[PDB]
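Single-structure report; data block below.
Quick note on labels: first sequence line is chain A, next is B, and so on, each numbered from 1.
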Amino acid sequence: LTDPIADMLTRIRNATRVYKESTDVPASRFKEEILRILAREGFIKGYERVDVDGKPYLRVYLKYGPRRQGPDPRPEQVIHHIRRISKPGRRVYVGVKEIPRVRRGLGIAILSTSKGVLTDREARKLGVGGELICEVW
Amino acid sequence: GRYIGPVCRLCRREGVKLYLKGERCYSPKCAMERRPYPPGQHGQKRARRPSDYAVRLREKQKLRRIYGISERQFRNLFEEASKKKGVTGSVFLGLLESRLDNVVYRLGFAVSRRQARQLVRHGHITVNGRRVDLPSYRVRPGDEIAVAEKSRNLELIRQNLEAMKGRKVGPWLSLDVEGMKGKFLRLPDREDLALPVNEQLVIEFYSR
Amino acid sequence: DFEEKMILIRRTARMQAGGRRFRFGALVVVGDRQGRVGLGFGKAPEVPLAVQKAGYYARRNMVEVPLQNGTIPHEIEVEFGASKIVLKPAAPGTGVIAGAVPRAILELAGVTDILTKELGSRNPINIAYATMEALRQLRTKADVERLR
Amino acid sequence: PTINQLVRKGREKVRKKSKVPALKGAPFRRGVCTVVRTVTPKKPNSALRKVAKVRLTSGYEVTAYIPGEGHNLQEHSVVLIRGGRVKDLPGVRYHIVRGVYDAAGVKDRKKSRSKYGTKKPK
Amino acid sequence: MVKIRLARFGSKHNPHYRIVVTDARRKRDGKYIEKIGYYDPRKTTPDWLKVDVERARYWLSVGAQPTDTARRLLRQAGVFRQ
Amino acid sequence: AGXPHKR
Amino acid sequence: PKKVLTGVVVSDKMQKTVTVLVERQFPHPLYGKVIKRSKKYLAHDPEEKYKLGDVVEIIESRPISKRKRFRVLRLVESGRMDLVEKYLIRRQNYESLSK
RNA sequence: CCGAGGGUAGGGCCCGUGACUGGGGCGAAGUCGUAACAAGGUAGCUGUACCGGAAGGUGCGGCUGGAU
RNA sequence: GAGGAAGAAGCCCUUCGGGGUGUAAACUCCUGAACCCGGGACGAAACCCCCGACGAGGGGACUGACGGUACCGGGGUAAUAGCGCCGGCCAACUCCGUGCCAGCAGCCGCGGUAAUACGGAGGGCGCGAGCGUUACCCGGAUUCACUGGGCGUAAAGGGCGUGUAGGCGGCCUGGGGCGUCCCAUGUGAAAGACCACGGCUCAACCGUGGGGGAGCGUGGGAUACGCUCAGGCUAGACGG
RNA sequence: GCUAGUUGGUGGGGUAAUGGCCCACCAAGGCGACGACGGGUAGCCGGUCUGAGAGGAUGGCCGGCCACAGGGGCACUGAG
Ligand code: SF4
Ligand SMILES: [Mg+2]
Ligand SMILES: [Mg+2]
Ligand SMILES: [Mg+2]
Ligand SMILES: [Mg+2]
Ligand SMILES: [Mg+2]
Ligand SMILES: [Mg+2]
Ligand SMILES: [Mg+2]
Ligand SMILES: [Mg+2]
Ligand SMILES: [Mg+2]
Ligand SMILES: [Mg+2]
Ligand SMILES: [Mg+2]
Ligand SMILES: [Mg+2]
Ligand SMILES: [Mg+2]
Ligand SMILES: [Mg+2]
Ligand SMILES: [Mg+2]
Ligand SMILES: [Mg+2]
Ligand SMILES: [Mg+2]
Ligand SMILES: [Mg+2]
Ligand SMILES: [Mg+2]
Ligand SMILES: [Mg+2]
Ligand SMILES: [Mg+2]
Ligand SMILES: [Mg+2]
Ligand SMILES: [Mg+2]
Ligand SMILES: [Mg+2]
Ligand SMILES: [Mg+2]
Ligand SMILES: [Mg+2]
Ligand SMILES: [Mg+2]
Ligand SMILES: [Mg+2]
Ligand SMILES: [Mg+2]
Ligand SMILES: [Mg+2]
Ligand SMILES: [Mg+2]
Ligand SMILES: [Mg+2]
Ligand SMILES: [Mg+2]
Ligand SMILES: [Mg+2]
Ligand SMILES: [Mg+2]
Ligand SMILES: [Mg+2]
Ligand SMILES: [Mg+2]
Ligand SMILES: [Mg+2]
Ligand SMILES: [Mg+2]
Ligand SMILES: [Mg+2]
Ligand SMILES: [Mg+2]
Ligand SMILES: [Mg+2]
Ligand SMILES: [Mg+2]
Ligand SMILES: [Mg+2]
Ligand SMILES: [Mg+2]
Ligand SMILES: [Mg+2]
Ligand SMILES: [Mg+2]
Ligand SMILES: [Mg+2]
Ligand SMILES: [Mg+2]
Ligand SMILES: [Mg+2]
Ligand SMILES: [Mg+2]
Ligand SMILES: [Mg+2]
Ligand SMILES: [Mg+2]
Ligand SMILES: [Mg+2]
Ligand SMILES: [Mg+2]
Ligand SMILES: [Mg+2]
Ligand SMILES: [Mg+2]
Ligand SMILES: [Mg+2]
Ligand SMILES: [Mg+2]
Ligand SMILES: [Mg+2]
Ligand SMILES: [Mg+2]
Ligand SMILES: [Mg+2]
Ligand SMILES: [Mg+2]
Ligand SMILES: [Mg+2]
Ligand SMILES: [Mg+2]
Ligand SMILES: [Mg+2]
Ligand SMILES: [Mg+2]
Ligand SMILES: [Mg+2]
Ligand SMILES: [Mg+2]
Ligand SMILES: [Mg+2]
Ligand SMILES: [Mg+2]
Ligand SMILES: [Mg+2]
Ligand SMILES: [Mg+2]
Ligand SMILES: [Mg+2]
Ligand SMILES: [Mg+2]
Ligand SMILES: [Mg+2]
Ligand SMILES: [Mg+2]
Ligand SMILES: [Mg+2]
Ligand SMILES: [Mg+2]
Ligand SMILES: [Mg+2]
Ligand SMILES: [Mg+2]
Ligand SMILES: [Mg+2]
Ligand SMILES: [Mg+2]
Ligand SMILES: [Mg+2]
Ligand SMILES: [Mg+2]
Ligand SMILES: [Mg+2]
Ligand SMILES: [Mg+2]
Ligand SMILES: [Mg+2]
Ligand SMILES: [Mg+2]
Ligand SMILES: [Mg+2]
Ligand SMILES: [Mg+2]
Ligand SMILES: [Mg+2]
Ligand SMILES: [Mg+2]
Ligand SMILES: [Mg+2]
Ligand SMILES: [Mg+2]
Ligand SMILES: [Mg+2]
Ligand SMILES: [Mg+2]
């Protein structure tokens, strides 16, 4: 397994599209810092440490919209789109003046700095750039 | 130079009454109120559905033939407004209005821009005291456009200033009929002038 | 009420012994210029009947398009198979910068300033559908906040 | 391709091939006529097109088209040629400019005169 | 020697000089060392002459040589006032 | 080029 | 400031001279990925005190000879023959690249 | 001593050209047959091999992108 | 330039009623490009001499190729228009001639006896002392795809393994600070570009000022991520 | 695949000055898939053209640097 971060986002993206209540991911501190921001920004209900067959996992609780009407009653997504930016193949580092505005404010950009993992708005207000982790809306 | 040709065919093509002559524009001798169909052998045939390109071209030729300005000067003005700040639609109109030969018409010194040009072109005009014989002079706020002293006494200017005692002049302008003076107050807003022209369709013509 | 624009009128043909038996199709977009748009594809043995059905189907299917001062709230990429439409919000002075098919849908939406680009297959039918699904997917800060 | 693959190999700039090689980067090129004959065109056209085989100042010898009705061109005629092919005459890639050197203009033209080297009649 | 002279800019029949420090072997409109002011000989604007005077004295102190008609425009700007 | 040559 | 570099020693086979193999990392100007690039410098070892596998620092200096423009400034590590093998295996792989 | 270059001798690369020769492309209405598309009238394609005016045929093995 | 007929002649189309060029012309009056006369520059104040002190500072004199040019003043004649195009793309249509001819052509295509596609004409469209053509560059071309493409059948997975360099790499803790991020600082000439103002009557052109980046040098800091070093784990992998 | 002044050393010459730049000698080294060697083309830059940008193309006029002065070699004079 080459990218635990790309795995997590993808592990979530597949669960939200079959409308799972939760989905477990292998546990790591850096993943927690990422999920901490998805919960604080409302994309997920939150997460809680668990053990599966004696192994540390992170159970993530997912959010969706209300039951829609019409011929397809599947709720709108709370995570419409979650996508890796920086990757092991090409790492992506932006300065503070280069941080992109995701979806014109309706989305966030998670990115790791030497002050921690921050959202696009947190970095710009705190004034630091860093490795662009992903984008979510 | 300028178009210099028959001018009633312009209105008959554009489907709209453009005021390019003078008094005749208001008489029943107006070709537009007399044969309001395009010139030539086919003008009375039934128009087929125009294309989107046709519609935008027609707007542009409309606005341009209003001012009697050549396509070079017309677009160089258009491109200037594109670069400047704000809405390009208004600014392009404002700069068009800021032309001296248009002011001299808009101040009633002549009954047609085409005649206002010859007024400017023969020098019968001044700006802020100085003679200015350049129809393209961009008039700024505060400039005092007046008739040349050596030309104040001339039948055409009097008869034009006479019939100007009647009419009022736009909010962005000022005029003193007895002293043949005039003042450019400000850059016209979009609503301050109602041309039969959808300026966005002229923007869209160049965005191609 | 709603305003109608005819995007496309084409003549398709089937075959049988004796030759080609034709049929006509009509893309018609409809809208109020205040935030309601509708797309309909009408197919009939003659041109006026097809333009009729097209407007009818068009009013049967509409979209909210949350305008914000004449532009759209956010940029959006939508692909309706091989056809891709880009919608980017623009400043109040810009204008509707689009091909004829999206422009027709955006002007009847009431969009007065926007940036667009057609990518991939520029089939007007599928560009039209791709434009509608894009509008249909536009959300506001209100929609977003209310979801999270 | 992977980003590493692009680091290794990169993208290949597409090159464009001139469709007027005999010109050798010139807008026009002078020559002399060797064969002045007519050629039939390919499907679905039928005609007797007027073609000159021209020996150039650039070392090349090519077949040029002689546009317009009637021409004064024969062997040893000096001729200027321009780019532009005749779609329906395979191998003709150039046109003769009329009204230049020993190629007279078209007699009694009125429309599109500058494209045929004919001066304005009184 | 290093000198202080006029590098004619502007356009034809529209002279506009920059009082400038450059090497005497440099070309007239060439790469100078520092600009110490401009000068409009045709007096077409309220301030057709301008000199730093502080800098014009530095280069003067270290050995720069003005031109004959550059010496004036530094005199007329009071560079020499004792 | 002596003297006769080969070529 | 005289440029200061760091690299291993891949050759001791010269008198008063060792070959120092410096490498550097930078992002690809177009494809962004961080890529490696190395360069050998012929460094001055006048006391002949440096040997293979030594990771050392070299400093820009006035020419000792043609091609010799750096002086060894200080030792850093020692016995990094694991890096030297990487260099030698590569040069060795070149025999399989001819025709 | 070195030395522009001249000279002798022998190599390498490139360009132009050459009796003749090889196929290639293209060219409204030429001559021969009908290989392929339908089970195309021997299912087709195929690598190889051999043969034959020509398409092609046949052998060995493979494929279904083969009908029923 | 303004005026100027239900609207001349000529030429074009017609259903023979009429329609078109067209307020276009004529014509009337107004203006006055050129040209004629007169005046006539900014660019040029220093070197120099004078007093003082061969200085600071005073005051003085000579000098213009462009040029009798610009410009100002007075007079003063209605005074060059051409080029492309009108099948679709693409804005602009009718008549005759021609009959797969002569010819057109950027692509699709036109021409075989009723051609809006050839040639002329009338009309029409577009530009205008220019208008077209050829050549070449970027764009459309997301058609070398970093932004921003693909590979079952459209062009595209290597016949299959093994493996060198290389690229990439699991969970936890700490050291360093290389990448990366932040702040300060040096450099980033002028011109150009950009914004503002101003000078040639405007403009082009030209002058003045403002705003700066990236990259690299230096100094300080941050340590999440990537890197390296050290220590531990068992979920990958290998073994019994 | 390339290399014999080739790569390093010592001594010396030479120059304003470092250096195989040059000579004597000793050592056997130097470079190359991160493209050596070879072939082709090109003066480089500020900038210019285009482009949504990323990029592409270009380097005439103006400014900076380099190179050459019929083709070559050479030194003299000299701050150069
Ligand atoms: S207004 Fe009537 S008269 Fe004046 S120009 Fe237009 S048409 Fe001719
Ligand atoms: Mg960066
Ligand atoms: Mg311009
Ligand atoms: Mg007068
Ligand atoms: Mg454009
Ligand atoms: Mg599609
Ligand atoms: Mg797709
Ligand atoms: Mg395509
Ligand atoms: Mg909504
Ligand atoms: Mg034909
Ligand atoms: Mg010749
Ligand atoms: Mg002859
Ligand atoms: Mg061509
Ligand atoms: Mg023509
Ligand atoms: Mg033609
Ligand atoms: Mg002059
Ligand atoms: Mg010099
Ligand atoms: Mg010898
Ligand atoms: Mg020799
Ligand atoms: Mg020799
Ligand atoms: Mg000799
Ligand atoms: Mg030889
Ligand atoms: Mg042969
Ligand atoms: Mg026969
Ligand atoms: Mg058969
Ligand atoms: Mg058979
Ligand atoms: Mg068979
Ligand atoms: Mg068979
Ligand atoms: Mg076989
Ligand atoms: Mg047999
Ligand atoms: Mg078989
Ligand atoms: Mg098999
Ligand atoms: Mg079967
Ligand atoms: Mg008139
Ligand atoms: Mg009548
Ligand atoms: Mg009439
Ligand atoms: Mg008549
Ligand atoms: Mg009549
Ligand atoms: Mg003077
Ligand atoms: Mg003197
Ligand atoms: Mg005295
Ligand atoms: Mg005179
Ligand atoms: Mg006068
Ligand atoms: Mg007078
Ligand atoms: Mg008079
Ligand atoms: Mg007249
Ligand atoms: Mg044209
Ligand atoms: Mg048609
Ligand atoms: Mg066009
Ligand atoms: Mg048309
Ligand atoms: Mg016949
Ligand atoms: Mg005939
Ligand atoms: Mg044609
Ligand atoms: Mg073309
Ligand atoms: Mg006939
Ligand atoms: Mg006919
Ligand atoms: Mg027919
Ligand atoms: Mg016709
Ligand atoms: Mg045509
Ligand atoms: Mg015709
Ligand atoms: Mg002009
Ligand atoms: Mg031209
Ligand atoms: Mg464009
Ligand atoms: Mg591209
Ligand atoms: Mg191209
Ligand atoms: Mg290509
Ligand atoms: Mg291609
Ligand atoms: Mg890509
Ligand atoms: Mg593709
Ligand atoms: Mg396989
Ligand atoms: Mg093989
Ligand atoms: Mg490995
Ligand atoms: Mg690694
Ligand atoms: Mg890791
Ligand atoms: Mg660091
Ligand atoms: Mg600069
Ligand atoms: Mg600005
Ligand atoms: Mg900058
Ligand atoms: Mg820095
Ligand atoms: Mg530091
Ligand atoms: Mg020595
Ligand atoms: Mg040497
Ligand atoms: Mg020796
Ligand atoms: Mg030896
Ligand atoms: Mg290297
Ligand atoms: Mg060469
Ligand atoms: Mg050259
Ligand atoms: Mg060269
Ligand atoms: Mg592009
Ligand atoms: Mg630009
Ligand atoms: Mg270049
Ligand atoms: Mg140059
Ligand atoms: Mg010159
Ligand atoms: Mg230059
Ligand atoms: Mg030489
Ligand atoms: Mg010579
Ligand atoms: Mg010589
Ligand atoms: Mg020489």
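Side chain of A/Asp51 to main chain of A/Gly54: no donor-acceptor pair is present (N/O by atom type, distance under 3.5 Å, no hydrogens or angles).
Heavy atoms of B/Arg113 sit nowhere under 4.0 angstrom from any nucleic acid atom. D/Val7 comes within 4.0 angstrom of no nucleic acid atom, judged by non-hydrogen atoms across all strands. Within 4.0 Å of A/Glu131, counting heavy atoms only, lies at least one base atom of the nucleic acid. Counting non-hydrogen atoms under 4.0 angstrom, B/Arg208 reaches the backbone sugars and phosphates but no base. Using a 4.0 Å heavy-atom distance criterion, D/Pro1 is classed as a base contact.
The side chain of G/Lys16 lies closest to J/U10 when the candidates are I/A105, I/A6, J/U10. Checked against I/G43, I/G111, I/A2, the side chain of D/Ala47 finds its nearest nucleotide in I/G111. Checking I/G126, I/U208, I/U23 against every side-chain atom of B/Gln61, the shortest atom distance belongs to I/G126. Side-chain proximity of G/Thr19 to the nucleotides I/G1, J/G30, I/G120 is greatest for J/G30. Minimum atom distance to the side chain of D/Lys87 is reached by I/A105, of the listed I/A105, I/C47, I/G122. Side-chain proximity of B/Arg140 to the nucleotides J/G30, I/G198, I/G84 is greatest for I/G198. Out of I/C181, I/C72, I/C47, the shortest distance to the side chain of E/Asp68 is found at I/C47.
The base-pairing partner of I/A56, taking Watson-Crick or G-U wobble contacts with both distances under 3.5 Å, does not exist among the strands shown. Applying the Watson-Crick and G-U wobble criteria (two distances, each under 3.5 Å), J/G63 pairs with J/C45.
Legend: unstacked base step between J/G19 and J/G20; six-membered ring centres and planes not within 5.5 Å and 30° respectively.
Comparing I/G19 with I/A26, their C1' atoms sit 23 Å apart, to the nearest whole Å.
Base-pair annotation: I/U187 with I/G215 meets the Watson-Crick or G-U wobble criterion (two N/O distances, each under 3.5 Å). Nucleotides I/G126 and I/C83 satisfy the base-pair criterion: a Watson-Crick or G-U wobble arrangement whose two donor-acceptor distances both fall under 3.5 Å.
Between the base of I/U31 and the side chain of B/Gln118 there is a donor-acceptor pair shorter than 3.5 Å. In this model, no side-chain donor or acceptor of E/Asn14 finds a partner on the base of I/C205 within 3.5 Å. The base of I/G1 has none of its N or O atoms less than 3.5 Å from a complementary donor or acceptor on the side chain of B/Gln115.
Spacing between atom NZ of G/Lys40 and atom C1' of J/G32 amounts to 8 Å, rounded to whole angstrom units. The NZ atom of G/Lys33 sits 13 Å away from the P atom of I/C227 (whole-angstrom rounding).
Consecutive Watson-Crick or G-U pairing (both distances under 3.5 Å) extending over three or more pairs maps onto RNA chain H as H:43-51 with H:56-64.
Expressed to the nearest 0.5 Å, how far CD of G/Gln25 lies from NZ of G/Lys33 amounts to 11.0 Å.
Both G/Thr17 and G/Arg69 lie close to RNA chain J; mapped to their nearest nucleotides by heavy-atom distance, the more 5′-ward contact belongs to G/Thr17.
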